[PDB]
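*Asks:* Below: the sequence, then the experimentally determined structure.
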Amino acid sequence: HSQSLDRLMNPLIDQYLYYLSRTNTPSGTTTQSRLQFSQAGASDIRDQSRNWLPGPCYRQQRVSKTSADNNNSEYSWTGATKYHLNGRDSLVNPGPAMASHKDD
Amino acid sequence: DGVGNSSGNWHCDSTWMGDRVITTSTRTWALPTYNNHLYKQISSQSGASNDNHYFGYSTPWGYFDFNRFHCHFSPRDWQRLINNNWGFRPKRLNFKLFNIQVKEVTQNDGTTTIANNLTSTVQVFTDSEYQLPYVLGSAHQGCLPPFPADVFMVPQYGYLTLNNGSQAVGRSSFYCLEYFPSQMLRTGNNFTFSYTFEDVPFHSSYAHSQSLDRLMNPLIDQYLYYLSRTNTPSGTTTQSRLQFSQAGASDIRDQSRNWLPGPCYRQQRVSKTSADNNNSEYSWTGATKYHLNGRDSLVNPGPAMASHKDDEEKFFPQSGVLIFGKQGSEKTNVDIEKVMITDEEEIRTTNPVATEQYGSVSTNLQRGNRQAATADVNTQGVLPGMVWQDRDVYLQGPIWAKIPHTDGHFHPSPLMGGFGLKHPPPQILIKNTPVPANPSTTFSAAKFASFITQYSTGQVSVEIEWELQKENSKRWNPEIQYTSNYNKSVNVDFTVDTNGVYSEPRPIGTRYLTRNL
Amino acid sequence: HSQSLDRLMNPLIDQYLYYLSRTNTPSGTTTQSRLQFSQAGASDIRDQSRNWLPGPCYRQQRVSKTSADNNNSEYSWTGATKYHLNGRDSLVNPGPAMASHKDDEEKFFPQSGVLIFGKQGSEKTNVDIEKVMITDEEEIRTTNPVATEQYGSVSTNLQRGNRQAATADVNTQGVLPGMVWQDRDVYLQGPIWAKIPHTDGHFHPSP
Amino acid sequence: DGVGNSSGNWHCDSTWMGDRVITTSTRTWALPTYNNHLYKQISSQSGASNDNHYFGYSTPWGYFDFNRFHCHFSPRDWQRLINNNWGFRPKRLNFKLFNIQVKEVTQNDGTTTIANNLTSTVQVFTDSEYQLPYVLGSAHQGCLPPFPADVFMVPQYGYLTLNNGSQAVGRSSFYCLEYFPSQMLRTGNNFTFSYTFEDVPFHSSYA
Amino acid sequence: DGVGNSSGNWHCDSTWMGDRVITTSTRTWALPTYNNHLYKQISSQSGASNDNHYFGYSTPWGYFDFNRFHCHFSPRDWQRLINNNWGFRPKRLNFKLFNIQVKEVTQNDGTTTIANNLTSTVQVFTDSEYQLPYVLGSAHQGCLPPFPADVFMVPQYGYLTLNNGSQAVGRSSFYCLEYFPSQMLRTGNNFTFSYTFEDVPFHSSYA
């Protein structure tokens, strides 16, 4: 995909929907709670209204290819992601389709 | 197709003829020159959050959008829709552009002069094969106005692409829009296309008169047992004896049931009364958010959950509700009086409340010395046996959204409400053809940077046919319906004021009739 | 099912895929971290690559038929698995179709994850376990989780050279792609049908 | 239907052919922009009598009215009508709009300049199903002139609604007139409709 | 063929349908007056190298050239061409000129004013019998731009002839281009011709 799920809109146009942008306001020096609302554009891009949300997960432990970043312990079964079926534990391998890492 | 000959008429009507309603609109538009005829790489600034980095392109092209229900329905036509129908969906649309006038505008040192330019064209195409990025269905400004006498400005088309911060990726696609076949229109020429909506379900425009837990006969017991007691007072030692009971109307909370409520994803709870809210900055730290490629995006509005429970109407969630602005509301940091917070209280029957847990599950295995401990479920996926309602649609909310072309999707209803369409109504892109100024009398291989300043105007018609779903209730008592109040006021609702400014006072949802589960 | 979901392969042939089998190696006496990979056969059978994973769960408290193993407290509502709808709590009964117990452990029904039928001439309130007929979902141990145990475990942090890998067990698990499961058994004195509620959305409308 | 082509001729005549008379008129009109294209809530001022309180709306729309007898009869044609007939009534009418010229007017700091705008339209519809408030028949100014050489100004359309003083009632109806189908007319285009009067009695034109 | 009527549409596309690809481009051009409508003898200056002496003529005529591969192929269409084909060659072309606007420009002492001139023509011919000197195929600037949104300027036509230094030879041919039949085009008129490429070999697009 040449587009990510969160970046699926026109950056140039705002939305007509509001989101709760602030919770408190500095009324002098007491900082009372006043709910404030904003429309989201390209500047506040992380908090727009969206129609969809990402697929399911089932968290895995993270292992490095560089051997110095890995933890010096036996975690290949104790730190393993596993399911429990009729009283025995089976390694989830490879499991549901998730991304192996993020950017950079 | 001449200069002094009209190329189309004003069609702005709504006809109800049974199981169908056709809604026709007509608006006047104005299209300026965007980017001074240039394509420009746009991105976020270098000093910005990682969540807010973007990369994309702005085009000289404008686009027509009519993805709001007030673009096609008047408030009286919306009231006919919602008090008489258990459901509705779109069937087909018809689009027209006509009476196009390209005005040339000359700034000569004191006074703007505007003249006609009869031999100038306007390029129009539709992206009917879905090979441009689809920016519609993202709740943007610049649609057709709610009121037919208003003239609107055509918004500039732009798309985002892949980014690594504010930079580009090798998989980032650039799209030239003059690489499509477009129809060139002078005055006298017109544009028209038709579109057939795919088989979409009816939008459920009813509430439920029964909740999911109250779906049985109160008068008859069940033949099934449940574990009702764990210990018995055998003298004074209170030994453990498992005891079982049949559940009736007295023990109504613990009956055997076939179904269970739809999925949740908990939101923080915010009060409309400002004194009940917490005095801290929690609008991003206390926010419900998802994590995608290392950046956090606000879940807004998310999966369709109830905004509050009974007798507790002053609590919307935080970002689990469409928040519409009132007329004349500025874009940043407005108080709650300037906005119209919607409500999902009709789906309390099948959906969980957005600010509460799903339920509780056990976390250990109890023994003679270990006790039973339960943890509450704040995020609940999809189980077999779940039934739920989608988000309500509003008169100023979106109509459709494009389903993203992916390998997998579960229940492709748009989370902002509306009709999920694999093939939505196509993008209608529009652009003034560049008319250059006088070139130099010697040849220059450089491209033209000097153009005659001009804009276009004209009329636009959208005619959507909607399929209705009539109600067949055998309900005795009268139903809740959307009504106007008869109490006098300085201004009639959904009406211009003394300055000619049209305003919509409240969001009108579509769920007023009832239906049994 | 005569096969369980984890035992769905040829024991005689290895897989061509690797899995992370070891994390550290004894390089002398310092025990440095070196990631090591193996192919899984019948000897390391718990950690093969699999195409599917078990159906959804929603954990129940575990109750014994033998009255001496149960906890001496009132947990029939406080330790109960329940959902919360319009501000009131309703008992999840029997809920999604899960196995009532695992192997060699038949004296444990869950708590309210099982249809409990009454014997003939049983009064309606507060009867002992001899007056009722507790059913059993032991045939769906092949694809469904046990109702009284966790689904599995997922990581909760990102381990580093000084942070270790910690896992939290999954007690409530929704629906993932790749799930397969069986529905609840029907009984001679159980219901035949139910009406699906007229709503906008429903997933897998089995009662 | 072109720029330099007339879309209608001057018909201003009266023909007496027995038990019928057909009266044809033609006038030149001028339509300005009303309310600067706005709908405006109008009402009485707060300091006013209770008899004089009103509530309504002004529209950008103009309206044509010909509800005066001098619009159709000359004084010599009226004299033929009244000295020879015991009664008269209308039977049918025919309406036309034609030779429409949209003039653009520019105020540049010293002098009004007026130019043609050839590609500009004018929206015309008839409310033939009587679902707008009917403001004709209230003896208002702005009809066709008695004399055919006079140029008249098209009056602004406005209606009153229910009021409680100068305020509004919940039953007050607002009418958008761009919510009707209208015919858009450039230069070259024309408008026409016909109408048949219902069976009305003869007006008793005798003593 | 009128003033307010388009004489052609924007075709800028590429269709791949087997052993053929059709590449269509559309550009906007601007043609000024060249030499102030004059034919001029041009030559090298008298102080110049012998290698650099030339003799020829400049014309008032502009010329259209599309003898660059980016005039017809986008970079994505060029990438489809080169990673999938051992060879390619042209078969036929189709040329169009349309939507022609002759703007009159008046310098009055402070400000350039530009107006339409509706009754003014533009002379277009093709030299399809190869009896003018062929200046294309010499890698000159002024072709169609690589990018479809760019507006280009039509280059001035000129040819060289025989010289003896900066002077002329008796065999030097002068060519008047108003001695050809040309098509005169106002606004509303358009120009079109077709051409069939001769049997040329495939360009070897392999290593």
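*Replies:* Everything's here; your move. Numbering: from 1, shown residues only, chains lettered A, B, ... in the order given.
*Asks:* Just the C-alphas of stretch A:7-16, formatted as CSV.
*Replies:* In CSV, the C-alpha atoms belonging to stretch A:7-16 read as follows (Å, rounded to 0.1, in the frame of the first residue of the first chain):
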residue,chain,number,x,y,z
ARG,A,7,-3.0,9.1,6.4
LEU,A,8,-6.1,8.7,4.3
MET,A,9,-7.4,12.2,3.9
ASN,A,10,-6.9,15.6,2.2
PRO,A,11,-4.3,17.5,4.1
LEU,A,12,-5.5,20.8,2.6
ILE,A,13,-9.0,20.8,4.0
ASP,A,14,-10.1,20.6,7.6
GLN,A,15,-12.8,18.3,9.0
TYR,A,16,-16.2,19.6,10.0
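*Asks:* Show me which positions of that stretch end up buried.
*Replies:* If you call a residue buried by 16 or more other CB atoms under 10 Å in any protein chain shown, then stretch A:7-16 has these buried ones: A:7-16. No exception for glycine: its C-beta is placed from N, CA and C like everyone else's.
*Asks:* among the residues you listed, which are in strands?
*Replies:* Judged by DSSP state E, strands contain none of the buried residues of stretch A:7-16.
*Asks:* Please convert these to JSON lines, extending it with distance to residue A:51.
*Replies:* JSON lines is the format used below for the buried residues of stretch A:7-16 (distance: CB to CB, whole Å):
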{"residue": "A:7", "distance to residue A:51": "13"}
{"residue": "A:8", "distance to residue A:51": "8"}
{"residue": "A:9", "distance to residue A:51": "10"}
{"residue": "A:10", "distance to residue A:51": "14"}
{"residue": "A:11", "distance to residue A:51": "17"}
{"residue": "A:12", "distance to residue A:51": "19"}
{"residue": "A:13", "distance to residue A:51": "16"}
{"residue": "A:14", "distance to residue A:51": "17"}
{"residue": "A:15", "distance to residue A:51": "12"}
{"residue": "A:16", "distance to residue A:51": "14"}
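*Asks:* Tally up the residues packed near residue A:81, please.
*Replies:* Applying other CB atoms under 10 Å in any protein chain shown, we find 19 residues neighbouring residue A:81.
*Asks:* on that earlier part again, return the closest of the buried residues of stretch A:7-16 with respect to residue A:65.
*Replies:* residue A:7 (28.6 Å; CB to CB).
*Asks:* Show me what the closest residue in space to that closest one that isn't next to it in sequence is bridged to.
*Replies:* Of all residues not flanking residue A:7 in the chain, residue B:160 sits nearest, at 4.8 Å (CB to CB, 6 or more residues apart in numbering or on different chains). Counting by DSSP bridges, residue B:160 is bridged to residue B:56.
*Asks:* And the residue of chain A most remote from its centre, how far from chain E?
*Replies:* Each residue of chain A has a distance to the centre, and by CA atoms, centre = their mean the biggest one is for residue A:28: 36.3 Å. The spacing between residue A:28 and chain E, counted by CB to the nearest CB, to the nearest Å, is 55 Å.
*Asks:* you'd agree residue A:36 is up against residue A:22?
*Replies:* Yes - in this structure, residue A:36 is within contact of residue A:22 by CB atoms under 8 Å, at 3.9 Å.
*Asks:* Residues that sit against both of those two, list them.
*Replies:* residue B:333 (CB atoms under 8 Å, 6 or more residues apart in numbering or on different chains).
*Asks:* Which one of the residues in chain A is closest to chain C?
*Replies:* Residue of chain A nearest chain C, by CB to the nearest CB: residue A:91 (2.9 Å).
*Asks:* give the contact list for residue A:82.
*Replies:* Listed by CB under 8 Å, 6+ apart, the contact partners of residue A:82 are A:89-92, C:46-47, C:152-153.
*Asks:* Can you name the residue of chain A nearest chain E?
*Replies:* Closest to chain E within chain A is residue A:2: 13.0 Å, counting by CB to the nearest CB.
*Asks:* Next, the contact list for that residue, please.
*Replies:* Counting by CB under 8 Å, 6+ apart, residue A:2 touches B:161-162, B:171-173.
*Asks:* how about 7 Å then?
*Replies:* B:161-162, B:171, B:173 (CB atoms under 7 Å, 6 or more residues apart in numbering or on different chains).
*Asks:* Is it correct that residue A:83 is in contact with residue A:90?
*Replies:* Yes - between residue A:83 and residue A:90 a contact is recorded at 5.8 Å, counting by CB atoms under 7 Å.
*Asks:* Just want the most central residue of chain A.
*Replies:* Central residue of chain A (CA atoms, centre = their mean): residue A:54, at 9.0 Å.
*Asks:* Pull the contacting residues for it.
*Replies:* By CB under 7 Å, 6+ apart, residue A:54 lies in contact with A:5, B:290, B:292.
*Asks:* Also residue A:11?
*Replies:* Residue A:11 neighbours (CB under 7 Å, 6+ apart): A:42, B:42, B:54, B:56, B:158, B:160.
*Asks:* go with 8 Å
*Replies:* A:41-42, A:45, B:42, B:54, B:56, B:158-160.
*Asks:* swap in residue A:3?
*Replies:* Contacts of residue A:3 were listed using CB under 8 Å, 6+ apart, and they are B:133, B:160-162, B:404.
*Asks:* let's see 10 Å
*Replies:* A:9, B:56, B:133-134, B:159-162, B:173, B:404-405 (CB atoms under 10 Å, 6 or more residues apart in numbering or on different chains).
*Asks:* For burial, what's the neighbour tally of residue A:91?
*Replies:* Number of residues near residue A:91 (other CB under 10 Å) recorded here: 24.
*Asks:* Correction: the previous question concerned residue A:66.
*Replies:* Residues lying near residue A:66 (other CB under 10 Å) number 8.
*Asks:* ok, now how distant is it from chain B?
*Replies:* According to CB to the nearest CB, residue A:66 and chain B sit 19 Å apart.
*Asks:* follow-up on the earlier one: out of the contacts of residue A:11, give me the two with the largest separation.
*Replies:* Taking CB to CB, the two most distant members of the contacts of residue A:11 are A:41 and B:159; they sit 15.0 Å apart.
*Asks:* Relative to chain D, which residue of chain A is the closest?
*Replies:* residue A:16 (21.4 Å).
*Asks:* okay but that residue is in contact with residue A:39, surely?
*Replies:* Yes - under the criterion of CB atoms under 10 Å, residue A:16 makes contact with residue A:39 at 7.0 Å.
*Asks:* Please identify every residue contacting each of these two.
*Replies:* When contacts are counted by CB under 10 Å, 6+ apart, the set common to residue A:16 and residue A:39 consists of A:49, B:139, B:141, B:323-325.
*Asks:* list the contacts for residue A:49?
*Replies:* A:9, A:15-19, A:39-40, B:138-139, B:298-302, B:319, B:321-323, B:398, B:414-417.
*Asks:* do that again at 8 Å, thanks
*Replies:* A:15, A:17, A:19, A:40, B:139, B:300-301, B:319, B:322, B:415-416.
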